[PDB]
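In: sequence-free structure coming up:
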């Protein structure tokens, strides 16, 4: 099977915390740069965070210092630790290969997975 499968969303209060996961299947995970994007109501898809195969990371300006991306290669799993959550973070979050993120933002392709919903209210 070839899939990206997100879980871990939920409904938290402002200031709260969630950890999202994505389990990847169908390819050698450790050598691929992975990331997260999100889609807020009425908006397009937008980058959240990247982690390259070497463990270098990047974050959208609006989440820096609050979110932390990590990966467990032995479990084919990507994580996004969300702390200090804000109402503006409400969105469906999706996992992607890093090389797919710009095409997803542009609407050229869609996320592979069904995503997971985060509501901050």
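Out: Thanks, I have it. Numbers count the residues shown, from 1 in each chain.
In: going forward, measure contacts between C-alpha atoms and count neighbours the same way
Out: Will do.
In: so what's residue 68 bridging to?
Out: residue 81 (DSSP bridges).
In: where's it relative to residue 110, distance?
Out: Distance of residue 68 to residue 110, given as Cα to Cα, to the nearest Å: 24 Å.
In: what about those two, which has more around it?
Out: Of the pair residue 68 and residue 110, residue 68 is the one with more neighbours under other Cα atoms under 10 Å, namely 19 against 16.
In: For the more buried one, give me its contacts.
Out: Contact analysis of residue 68 by Cα atoms under 8 Å, 6 or more residues apart in numbering lists 80, 81, 82.
In: For the residue nearest to the spatial centre of the chain, which residues count as its bridge partners?
Out: Central residue of the chain (Cα atoms, centre = their mean): residue 36, 2.5 Å from the mean position. Listed beta-bridge partners, residue 36: residue 49, residue 95 (assigned using DSSP bridges).
In: wait, isn't it in contact with residue 99?
Out: No. Between residue 36 and residue 99 there is no contact, the gap being 11.5 Å when judged by Cα atoms under 8 Å.
In: Apart from its neighbours in sequence, what residue is nearest residue 59?
Out: residue 49 (4.4 Å; Cα to Cα, 6 or more residues apart in numbering).
In: Just give the nearest non-adjacent residue to residue 24, would you?
Out: Distance criterion Cα to Cα, 6+ apart; nearest residue to residue 24, sequence neighbours excluded, is residue 4 at 4.7 Å.
In: need the strands for the protein, in chain order.
Out: Secondary structure of the chain, counting by DSSP state E: strands at 3-7, 10-12, 18-25, 34-39, 45-51, 57-59, 67-72, 77-82, 91-97, 116-120.
In: what's the closest of those to residue 104?
Out: Within the strands of the chain, the stretch nearest residue 104 is strand 45-51; the backing value is 6.8 Å (Cα to Cα).
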